[PDB]
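In the form deposited in one PDB entry, a lone chain appears below as structure tokens.
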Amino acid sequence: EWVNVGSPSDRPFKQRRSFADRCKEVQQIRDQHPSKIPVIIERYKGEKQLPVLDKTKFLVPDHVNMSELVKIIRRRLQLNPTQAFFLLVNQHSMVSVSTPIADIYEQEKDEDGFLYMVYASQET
């Protein structure tokens, strides 16, 4: 009769913050930093092999390409060269995209104005 507790990090960002609150937050952030893209990065629901990230919200400069971003989130997870890691924007593996995230943002962003990314060990 154990009770399994937690965790606020296992709760999706969209359930932690209301749609209205998220829309507001994105608006302030872009005003304060027009230079940057607001990004939400979470572990895939199915994923158990990779560790969970300490943080969820990332402020990314427009010029950074997704190939560069994949490298950054990867060092942060302290992954071995051998571990498989994919960073998906709307279900596409970004470690080949050299396009600036500012261009991805206009095309792929959420209704709330955030750009949402999910990471896992397999691509599908």
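Shifts are known only where both forms have a C-alpha. Start at 1 and count along the sequence shown; that's the residue number. Here, rigid core means the biggest group of C-alpha atoms that superpose within 1.5 Å across both forms.
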{"query": "Mean C-alpha temperature factor, higher of 22-30 and 94-102", "finding": "94-102"}
{"query": "Residue stretch of maximal mean CA temperature factor, 113-121 vs 3-11", "finding": "3-11"}
{"query": "Options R74, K57, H63, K45 - largest CA temperature factor per the record", "finding": "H63"}
{"query": "Modelled-residue ranking by C-alpha temperature factor, third containing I40", "finding": "lowest"}
{"query": "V89 by Cα B-factor - lowest, middle or highest third of the modelled chain", "finding": "highest"}
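If you look for the form deposited in another entry, you will not find it shown, but the lines that follow are about it.
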query	finding
Position with Cα shift of 2 Å or more, rigid core superposed between this form and the one not shown, options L50, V26, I73, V97	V97
Pair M94/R75, Cα separation in the other form versus the displayed form, closer or farther by 3 angstroms or more	farther
Closer or farther in the other form: C-alpha pair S93, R75 (3 angstroms or more)	farther
Taking the rigid core as reference, consecutive runs of 3 or more residues that move 2 angstroms or more in Cα between this form and the one not shown	90-97, 122-124
